[PDB]
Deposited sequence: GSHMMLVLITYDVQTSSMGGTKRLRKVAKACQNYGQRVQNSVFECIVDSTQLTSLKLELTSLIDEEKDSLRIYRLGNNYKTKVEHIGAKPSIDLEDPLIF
């Protein structure tokens, strides 16, 4: 539909930390409602304007703004793939 948009969300979080691990799980769950997890902390979402706003509010509220950041890219409309994946696909604690 003419109202749809490609949105790329890049989340800068350090998962060596407890809180970062928790926040990543919550951000991933929120983004999964609207798309796919293509790297550990990169999400490809396909949304209308209302969904983008709801998602963006949800994500803004989940992060630790002192420690983390999000970037939200609204890609120009695209109908043939313009992404290359190089390397591994994304996936208990142990001493």
| property | result |
| --- | --- |
| Deposited-sequence stretches lacking C-alpha coordinates, listed in sequence order | 92-96 |
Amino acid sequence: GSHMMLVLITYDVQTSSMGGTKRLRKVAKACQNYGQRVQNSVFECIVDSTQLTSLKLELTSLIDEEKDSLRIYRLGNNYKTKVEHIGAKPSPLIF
From here on, numbers count along this sequence of modelled residues.
{"property": "Higher-B stretch (mean Cα B-factor, as the entry records it), 11-19 or 69-77", "result": "11-19"}
